[PDB]
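Chemist: Numbering (full-length UniProt numbering), first residue to last: 16 to 65.
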DNA sequence: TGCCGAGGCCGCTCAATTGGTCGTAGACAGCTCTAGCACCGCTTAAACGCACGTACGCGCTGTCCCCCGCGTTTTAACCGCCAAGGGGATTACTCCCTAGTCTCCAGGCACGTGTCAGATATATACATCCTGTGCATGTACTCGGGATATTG
């Protein structure tokens with residue numbers, strides 16, 4: 016049974032659709048997995064203010 | 001009449017700009033770096049651009065049908081003005097304080113290297129999440145009639 020990384024952060028937003036998005040805006044180099052979990056929850060958190 | 005009074009043209013003297021000449025001091029141009037490490041040339045096995053009916057989606061098209069535009073003029077005060085008054089923004093000076101220079105002096109840390117790890121990428125298998133689709137009601141809407149608020 017697969018989990019989802021959204022549940023391990025505790026977030027409603029898609030932590031793995033981000034990551035794949037960031038990996039397309041990246042010079043020629045990679046992106047840490049712990050970036051998607053404070054990339055998200057600093058896009059959610061504008062929702063629930065907007 | 002008178003007188004003269006009031007009247008209208010021309011060399012000193014001073015006070016900014018303007019352009020000139022003096023001399024001297026770092027800072028610019030250039031050399032040789034030399035030195036080295038990037039550009040190139042030379043292969044390779046490579047990804048990704050690209051020239052090209054057809055299904056067909058929608059951009060554009062020929063109609064009628066009405067408000068908001070279009071036109072007028074009264075007026076209404078908005079907006080402009082001028083002139084006066086008061087002060088507060090301004091000017092010119094004297095005293096004053098520190099901005100700025102230099103110089104000495106230390107160690108803080110930004111700089112740099114020296115090793116090599118926990119990081120994240122990439123593959124394959126894959127299950128699952130998420131999209132596109134199809135599908136009832138529930139509301140937010142437009143209307144009509146009356147109450148409350150506010151303008152003149």
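Even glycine gets a Cβ: it sits at the ideal position worked out from N, Cα and C.
Report the three-state DSSP secondary structure of residue 59 (helix, strand or coil).
Modeler: Three-state DSSP puts residue 59 in a strand.
Chemist: Buried or exposed, going by whether 16 or more other CB atoms sit within 10 Å of the CB of residue 19?
Modeler: Exposed, since its Cβ has fewer than 16 Cβ neighbours within 10 Å.
Chemist: Output yes or no for whether 8 Å exceeds the beta carbon distance between residue 54 and residue 37.
Modeler: Cβ atoms of residue 54 and residue 37: closer than 8 Å.
Chemist: Note down, in chain order, each residue of its chain lying with its Cβ closer than 8 Å to the Cβ of residue 29, except the 5 sequence neighbours on either side.
Modeler: 21 and 55.
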